[PDB]
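Peer 1: Structure incoming, see below.
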Amino acid sequence: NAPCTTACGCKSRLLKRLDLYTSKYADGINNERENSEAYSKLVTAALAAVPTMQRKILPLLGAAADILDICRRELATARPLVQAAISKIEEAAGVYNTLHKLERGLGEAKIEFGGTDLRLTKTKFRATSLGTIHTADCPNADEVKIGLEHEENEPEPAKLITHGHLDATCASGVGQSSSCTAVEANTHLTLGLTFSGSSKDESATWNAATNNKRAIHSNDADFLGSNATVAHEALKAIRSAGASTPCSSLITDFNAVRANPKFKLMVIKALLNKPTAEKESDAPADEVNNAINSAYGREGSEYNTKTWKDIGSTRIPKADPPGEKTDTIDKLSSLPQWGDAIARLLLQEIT
Amino acid sequence: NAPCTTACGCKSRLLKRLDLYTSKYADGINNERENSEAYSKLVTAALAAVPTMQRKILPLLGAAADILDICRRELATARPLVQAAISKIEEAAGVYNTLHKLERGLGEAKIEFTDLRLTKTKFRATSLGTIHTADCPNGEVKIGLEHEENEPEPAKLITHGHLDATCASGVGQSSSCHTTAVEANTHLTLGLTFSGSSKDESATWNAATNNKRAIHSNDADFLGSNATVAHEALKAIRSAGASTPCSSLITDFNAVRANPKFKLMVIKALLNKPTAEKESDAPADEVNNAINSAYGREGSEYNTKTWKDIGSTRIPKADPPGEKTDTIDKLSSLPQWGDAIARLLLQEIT
Ligand SMILES: *[C@@H]1O[C@H](CO)[C@@H](O)[C@H](O)[C@H]1NC(C)=O
Ligand SMILES: *[C@@H]1O[C@H](CO)[C@@H](O)[C@H](O)[C@H]1NC(C)=O
């Protein structure tokens, strides 16, 4: 619930939040692949199977088309929102890389006048770390519970650096124990650059005690700007559209089919010998339930262990140069072969 | 193309290059949606149509299944490569944002000392730490997939930080501090800039400190390999042959005619040779004549006629007062087509 506090932590948390959405989107992509295959499997089997089996497949077809169409539309709605979030989060993550390079500051210039005179050459600059960035990897342990249920109250990613600070230390006199006593030959003068999330001006104390390192002026250094806010808003856009979990329903889940009015109606038409029925009330609910239990096991308990196994074992035509052959849907397990089978089965009926 | 030379230009060029690939990928996604619809129309119409139309549909169906399968497999191969490229390019772009803020350096501290005592008021300049805030101007170049193999790696821009020093002593700040010790008229300026090369100008500076020079450099490799890794992710798409996935459309007769499934089904369905399994079962001229009769000469009526006739196919429609019928194009959704298929098969059983 608490905001992130380091560049490594802010970047890790933001990419972990992104992963909540992209992982569900990928689940949806996989589900659409499985649903497209299942629907093709149903159409092909419905054409090829014997009537006792065809009657068990017909109630699945309209419901399966509904599932697949909704699945695909959910993905198409989610796609541009997920893409916008990926691009905005990854841009902010690049900025966090630089914030991590700057976390320890940018070094210092330290003049030690040497004790003989106040002339100056490079050799009196003993510290010249100024301009050195931080090169270490992030620590292995940083950063919090991350999940879609927590996203409504997750705070914005932190900006971390808003100001640059001119740090100064002066020391005049022998031993460098007094305060800048005018700058003289034993004087150490150190100027450095650091960064933080707040403006600083500590000259009030520094001016009476110049031998303590203090931030004596601050300048604006807003690196992230609104990049992290816009990334946060892009994640909210996915949630506001209801697009966080697209294509979660599967044709191979009996509970996704069993609720569809078209399934209950086609049970009546195809399994209760009432083909002209158009309303679920056209057969007694008991007879509908007994037909469902006979066709798919009790309350659909055999929908996967038997019904889909029987669908996959349906024999269909197969091309072969010696003459057309046959094999099962599950052996000829590809759309090109199922399509070829459909054409060959329809040609057979024409012939 | 010469390498990019500014943070704004490097960022813009990398995003423009990425768009070459994401745009083609999006075309593929759109083509897969259109191909899925076309294949479902063909199956539905093949089950419902009159026999003369069914025979024209059957050669399209098998080809369409293979076009759609290839389309989807090409998109599946391309998908992780495009995803990786987008992630890597956008992370690099974020770094370039910061390179733009650093491109004019990070200011300076200018001390201006009657005596050599020191307080902040003698700091005529306290700009150290100020980043550049302006937007990019309105080094940047031809961009296109045919140019990608020759495109240089993105420039790193900043590899080193520089300590810039100036020391000017004496009245009027006219002399060098190597021969005139820091005195009361002296201006001492220490600043930080960045560039793409290491610098050590101290030999000249040590004999004339009143000239601003970079007297020391340190490592400031902000990008690391981030931008080269993004460049290599774009190449990975090209190396996989994945830059234009699902470019074929079932509605393009040239794509259908070129699919290996098409000619045999013409022989089987349109030349009255249903047991044929080889293209050598019919003379090429007869196949061509059957294609011309079914789809117009060289397929020239495939969209103006064949697909209109497919769309006009009448199919069952659910209705509470009893099943009705309407055309595929009026019932223009996969849900209604699937329901129609079930109803058509039931009618055959009945
Ligand atoms: C991030 O901020 C930069 C300025 O550094 C701006 O160009 C860019 O448009 C911002 N990104 C987003 C996604 O708004
Ligand atoms: C970019 O460099 C950072 C270090 O600043 C590193 O953490 C990250 O892995 C790099 N990104 C890629 C995509 O390699």
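Chain labels run A, B, ... following the order of the structure tokens; each chain numbers its residues from 1, and ligands are numbered from 1 in the order shown.
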When you get a sec, could you note down which chain A residues fall within 7 Å of chain B, using only C-alpha atoms, as a PyMOL selection string?
Peer 2: chain A and resi 51+58+61-62+65-66+69+87+90-95+98+117-122+128-133+164-166+180-183+193+207+217+219-221+223+270+276+278-279+319-321+323+335-336+339-340+343+347
Peer 1: Excluding same-chain residues fewer than 5 positions from residue 35 of chain A, what lies within 12 Å of it counting only C-alpha atoms, as a PyMOL selection string?
Peer 2: chain A and resi 28-30+40-42+61+63-72+247-253+256
Peer 1: How close does segment 129-163 of chain B get to segment 1-17 of chain B? List, as JSON lines, each residue of segment 129-163 of chain B within 6 Å, its nearest atom pair and the distance in Å to one decimal, counting only C-alpha atoms.
Peer 2:
{"residue": "B:136", "atom": "CA", "partner": "B:8", "partner_atom": "CA", "distance": 5.9}
{"residue": "B:139", "atom": "CA", "partner": "B:5", "partner_atom": "CA", "distance": 5.6}
{"residue": "B:140", "atom": "CA", "partner": "B:9", "partner_atom": "CA", "distance": 5.7}
{"residue": "B:141", "atom": "CA", "partner": "B:1", "partner_atom": "CA", "distance": 5.9}
{"residue": "B:152", "atom": "CA", "partner": "B:3", "partner_atom": "CA", "distance": 5.9}
{"residue": "B:155", "atom": "CA", "partner": "B:4", "partner_atom": "CA", "distance": 5.9}
Peer 1: I'd like a table as a Markdown table: residues in chain A with an atom no more than 10 Å from ligand 2, each row giving the shortest atom pair and its distance in Å to one decimal, only C-alpha atoms and all ligand atoms counted, sorted by chain and rising residue number.
Peer 2:
| residue | atom | partner | partner_atom_place_in_ligand_line | distance |
| --- | --- | --- | --- | --- |
| A:8 | CA | ligand 2 | 7 (O) | 8.9 |
| A:11 | CA | ligand 2 | 7 (O) | 9.6 |
| A:90 | CA | ligand 2 | 13 (C) | 9.5 |
| A:93 | CA | ligand 2 | 1 (C) | 9.1 |
| A:94 | CA | ligand 2 | 1 (C) | 7.2 |
| A:95 | CA | ligand 2 | 5 (O) | 9.2 |
| A:96 | CA | ligand 2 | 5 (O) | 8.2 |
| A:97 | CA | ligand 2 | 5 (O) | 4.5 |
| A:98 | CA | ligand 2 | 5 (O) | 6.5 |
| A:99 | CA | ligand 2 | 5 (O) | 9.1 |
| A:100 | CA | ligand 2 | 5 (O) | 7.3 |
| A:101 | CA | ligand 2 | 5 (O) | 7.0 |
| A:134 | CA | ligand 2 | 5 (O) | 9.5 |
| A:135 | CA | ligand 2 | 5 (O) | 8.0 |
| A:136 | CA | ligand 2 | 4 (C) | 8.8 |
| A:137 | CA | ligand 2 | 7 (O) | 7.1 |
| A:138 | CA | ligand 2 | 7 (O) | 7.9 |
Peer 1: Of the candidates B:135, B:291, B:270, B:48, which one gets nearest to ligand 1 if we count only C-alpha atoms and all ligand atoms?
Peer 2: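 Between B:135, B:291, B:270, B:48, the residue approaching ligand 1 most closely is B:135.
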Peer 1: Name each residue within 6 Å of ligand 1, counting only C-alpha atoms and all ligand atoms, as number ranges by chain.
Peer 2: A: 88, 225, 227, 230; B: 97
Peer 1: Quick one: pick out all strand (DSSP E) residues within segment 109-339 of chain B from a backbone DSSP run and write them as a ChimeraX atom specification.
Peer 2: /B:109-112,123-126,160-169,175-176,187-195,213-219,314-317,324-327
Peer 1: What does the distance between atom CA of residue 82 of chain A and atom CA of residue 236 of chain A come to in Å, to one decimal place?
Peer 2: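 Atom-to-atom, atom CA of residue 82 of chain A to atom CA of residue 236 of chain A, that is 10.6 Å.
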Peer 1: A:351, A:14, A:303, A:269: which is nearest residue 143 of chain A, counting only C-alpha atoms?
Peer 2: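 Using only C-alpha atoms, the shortest distance to residue 143 of chain A belongs to A:14.
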Peer 1: Which residues, written as a list in words, have at least one atom at most 12 Å from residue 49 of chain B, with only C-alpha atoms counted and residues fewer than 6 positions away on the same chain left out?
Peer 2: residues 346 and 350 of chain A; 41, 42, 43, 55, 56, 57, 58, 309, 310, 311, 312, 313, 314, 315, 316, 327, 328, 341 and 344 of chain B
Peer 1: Once you have the residues from the selection above, write them out as a compact mmCIF listing (two decimals), in the first residue's frame, restricted to N, CA and C atoms.
Peer 2:
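Listed below is the output, again.txt:
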# COMPACT_ATOMS: atom_id res chain seq x y z
N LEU A 346 -18.67 -33.05 -47.66
CA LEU A 346 -19.78 -32.44 -48.38
C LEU A 346 -19.80 -32.92 -49.83
N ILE A 350 -22.86 -34.76 -52.00
CA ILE A 350 -23.27 -34.37 -53.35
C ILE A 350 -23.19 -35.56 -54.30
N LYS B 41 -17.71 -18.05 -43.05
CA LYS B 41 -18.71 -17.89 -44.10
C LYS B 41 -18.66 -19.03 -45.09
N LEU B 42 -17.46 -19.45 -45.50
CA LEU B 42 -17.34 -20.51 -46.49
C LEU B 42 -17.87 -21.83 -45.94
N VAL B 43 -17.56 -22.18 -44.70
CA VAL B 43 -18.10 -23.41 -44.14
C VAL B 43 -19.62 -23.35 -44.06
N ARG B 55 -20.48 -26.56 -55.20
CA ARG B 55 -19.31 -27.02 -55.92
C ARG B 55 -18.31 -25.89 -56.14
N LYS B 56 -18.77 -24.64 -56.23
CA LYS B 56 -17.82 -23.53 -56.34
C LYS B 56 -17.17 -23.21 -55.00
N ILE B 57 -17.89 -23.49 -53.92
CA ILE B 57 -17.38 -23.17 -52.60
C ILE B 57 -16.33 -24.18 -52.19
N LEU B 58 -16.51 -25.46 -52.53
CA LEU B 58 -15.65 -26.49 -51.96
C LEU B 58 -14.17 -26.26 -52.20
N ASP B 309 -22.46 -14.07 -54.10
CA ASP B 309 -23.35 -15.23 -54.11
C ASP B 309 -23.21 -16.04 -52.82
N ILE B 310 -22.00 -16.15 -52.29
CA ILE B 310 -21.81 -16.81 -51.00
C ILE B 310 -22.58 -16.07 -49.92
N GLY B 311 -22.46 -14.74 -49.90
CA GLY B 311 -23.15 -13.95 -48.89
C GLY B 311 -24.66 -14.03 -48.99
N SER B 312 -25.18 -14.29 -50.19
CA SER B 312 -26.61 -14.36 -50.44
C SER B 312 -27.22 -15.70 -50.03
N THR B 313 -26.40 -16.66 -49.59
CA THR B 313 -26.89 -17.98 -49.25
C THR B 313 -27.84 -17.88 -48.06
N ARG B 314 -28.99 -18.53 -48.20
CA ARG B 314 -30.03 -18.49 -47.18
C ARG B 314 -29.77 -19.58 -46.15
N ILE B 315 -29.90 -19.22 -44.88
CA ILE B 315 -29.57 -20.12 -43.78
C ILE B 315 -30.64 -20.00 -42.71
N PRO B 316 -30.79 -21.02 -41.87
CA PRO B 316 -31.78 -20.94 -40.79
C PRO B 316 -31.48 -19.80 -39.84
N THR B 327 -30.22 -14.38 -45.17
CA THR B 327 -28.94 -14.58 -45.83
C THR B 327 -27.77 -14.52 -44.84
N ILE B 328 -26.66 -15.13 -45.25
CA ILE B 328 -25.42 -15.06 -44.47
C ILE B 328 -25.06 -13.60 -44.20
N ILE B 341 -25.54 -23.69 -38.59
CA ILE B 341 -24.93 -24.98 -38.93
C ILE B 341 -25.60 -26.10 -38.14
N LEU B 344 -29.02 -26.68 -39.70
CA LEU B 344 -28.93 -27.34 -41.00
C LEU B 344 -28.64 -28.83 -40.84
Peer 1: Taking the DSSP secondary structure from the backbone, can you list the residues of segment 184-266 of chain A that are helix (DSSP H, G or I), as a ChimeraX atom specification?
Peer 2: /A:203-206,227-240,254-258,261-266
Peer 1: Next, the residues of the selection above should be written as a short mmCIF file (atom, residue, chain, number, x, y, z; two decimals), in the first residue's frame with C-alpha atoms.
Peer 2:
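Final output, out_10.cif:
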data_model
loop_
_atom_site.label_atom_id
_atom_site.label_comp_id
_atom_site.auth_asym_id
_atom_site.auth_seq_id
_atom_site.Cartn_x
_atom_site.Cartn_y
_atom_site.Cartn_z
CA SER A 203 23.29 27.68 4.08
CA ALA A 204 22.00 29.02 7.42
CA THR A 205 23.92 26.38 9.39
CA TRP A 206 26.65 26.04 6.75
CA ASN A 227 5.76 9.56 -17.20
CA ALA A 228 4.97 7.45 -14.14
CA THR A 229 1.56 9.08 -13.69
CA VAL A 230 0.64 8.35 -17.32
CA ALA A 231 1.78 4.73 -16.91
CA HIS A 232 -0.37 4.39 -13.78
CA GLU A 233 -3.36 5.90 -15.66
CA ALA A 234 -2.86 3.38 -18.51
CA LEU A 235 -3.26 0.49 -16.09
CA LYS A 236 -6.43 2.11 -14.74
CA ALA A 237 -7.72 2.40 -18.33
CA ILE A 238 -7.63 -1.38 -18.64
CA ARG A 239 -9.62 -1.82 -15.43
CA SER A 240 -12.13 0.90 -16.35
CA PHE A 254 -19.29 -27.51 -19.54
CA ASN A 255 -20.32 -24.65 -17.26
CA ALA A 256 -19.68 -22.20 -20.09
CA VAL A 257 -21.94 -24.18 -22.46
CA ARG A 258 -24.63 -25.47 -20.01
CA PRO A 261 -30.15 -20.91 -23.99
CA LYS A 262 -29.13 -22.20 -27.43
CA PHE A 263 -27.67 -25.30 -25.75
CA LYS A 264 -30.81 -26.05 -23.78
CA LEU A 265 -32.95 -25.44 -26.86
CA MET A 266 -30.86 -27.70 -29.12
#
Peer 1: Using only C-alpha atoms, which residue out of A:200, A:75, A:4, A:318 lies closest to residue 157 of chain A?
Peer 2: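 Among the listed residues, A:4 lies closest to residue 157 of chain A.
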Peer 1: Separation of atom CA of residue 345 of chain A and atom CA of residue 37 of chain A, in Å?
Peer 2: 19.0 Å
Peer 1: Set the distance at 6 Å and use only C-alpha atoms: which residues neighbour segment 238-251 of chain B once local chain neighbours fewer than 2 positions away are removed? I'd like the list as an MDAnalysis selection string.
Peer 2: chainID B and resid 24 28 35 64 71 74:75 78 235:236
Peer 1: Write the residues of the selection above to a file with N, CA, C and O atoms, as a PDB file, in the first residue's frame.
Peer 2:
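The result, written out as result.pdb:
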ATOM      1  N   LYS B  24       3.003  -3.517 -39.509  1.00  0.00           N
ATOM      2  CA  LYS B  24       2.815  -4.728 -40.292  1.00  0.00           C
ATOM      3  C   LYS B  24       2.185  -5.816 -39.443  1.00  0.00           C
ATOM      4  O   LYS B  24       1.358  -6.599 -39.935  1.00  0.00           O
ATOM      5  N   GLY B  28      -1.406  -7.804 -40.057  1.00  0.00           N
ATOM      6  CA  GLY B  28      -1.601  -9.232 -39.888  1.00  0.00           C
ATOM      7  C   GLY B  28      -2.751  -9.566 -38.968  1.00  0.00           C
ATOM      8  O   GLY B  28      -3.551 -10.451 -39.270  1.00  0.00           O
ATOM      9  N   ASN B  35      -9.822 -13.114 -42.287  1.00  0.00           N
ATOM     10  CA  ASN B  35      -9.709 -14.492 -42.746  1.00  0.00           C
ATOM     11  C   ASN B  35     -10.555 -15.448 -41.904  1.00  0.00           C
ATOM     12  O   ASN B  35     -11.150 -16.398 -42.433  1.00  0.00           O
ATOM     13  N   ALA B  64      -8.836 -22.104 -48.031  1.00  0.00           N
ATOM     14  CA  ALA B  64      -9.046 -21.131 -46.962  1.00  0.00           C
ATOM     15  C   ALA B  64      -8.583 -21.669 -45.625  1.00  0.00           C
ATOM     16  O   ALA B  64      -8.009 -20.933 -44.817  1.00  0.00           O
ATOM     17  N   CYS B  71      -1.716 -18.203 -41.562  1.00  0.00           N
ATOM     18  CA  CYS B  71      -1.850 -16.851 -41.037  1.00  0.00           C
ATOM     19  C   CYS B  71      -1.695 -16.848 -39.534  1.00  0.00           C
ATOM     20  O   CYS B  71      -0.898 -16.080 -38.967  1.00  0.00           O
ATOM     21  N   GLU B  74       1.893 -17.805 -38.450  1.00  0.00           N
ATOM     22  CA  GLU B  74       2.832 -16.699 -38.665  1.00  0.00           C
ATOM     23  C   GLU B  74       2.677 -15.641 -37.578  1.00  0.00           C
ATOM     24  O   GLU B  74       3.673 -15.115 -37.063  1.00  0.00           O
ATOM     25  N   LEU B  75       1.444 -15.301 -37.219  1.00  0.00           N
ATOM     26  CA  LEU B  75       1.194 -14.354 -36.137  1.00  0.00           C
ATOM     27  C   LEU B  75       1.701 -14.887 -34.808  1.00  0.00           C
ATOM     28  O   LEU B  75       2.292 -14.131 -34.029  1.00  0.00           O
ATOM     29  N   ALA B  78       5.434 -14.445 -34.801  1.00  0.00           N
ATOM     30  CA  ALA B  78       5.830 -13.038 -34.740  1.00  0.00           C
ATOM     31  C   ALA B  78       5.547 -12.409 -33.380  1.00  0.00           C
ATOM     32  O   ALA B  78       6.301 -11.527 -32.943  1.00  0.00           O
ATOM     33  N   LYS B 235      16.113  -6.571 -35.457  1.00  0.00           N
ATOM     34  CA  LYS B 235      16.734  -7.544 -36.348  1.00  0.00           C
ATOM     35  C   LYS B 235      16.177  -8.957 -36.117  1.00  0.00           C
ATOM     36  O   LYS B 235      16.031  -9.734 -37.063  1.00  0.00           O
ATOM     37  N   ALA B 236      15.900  -9.330 -34.867  1.00  0.00           N
ATOM     38  CA  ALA B 236      15.365 -10.669 -34.597  1.00  0.00           C
ATOM     39  C   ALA B 236      14.079 -10.932 -35.372  1.00  0.00           C
ATOM     40  O   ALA B 236      13.783 -12.073 -35.737  1.00  0.00           O
TER      41      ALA B 236
END
Peer 1: What is the distance, in Å and to one decimal place, between atom CA of residue 106 of chain A and atom CA of residue 176 of chain A?
Peer 2: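 The value is 24.4 Å.
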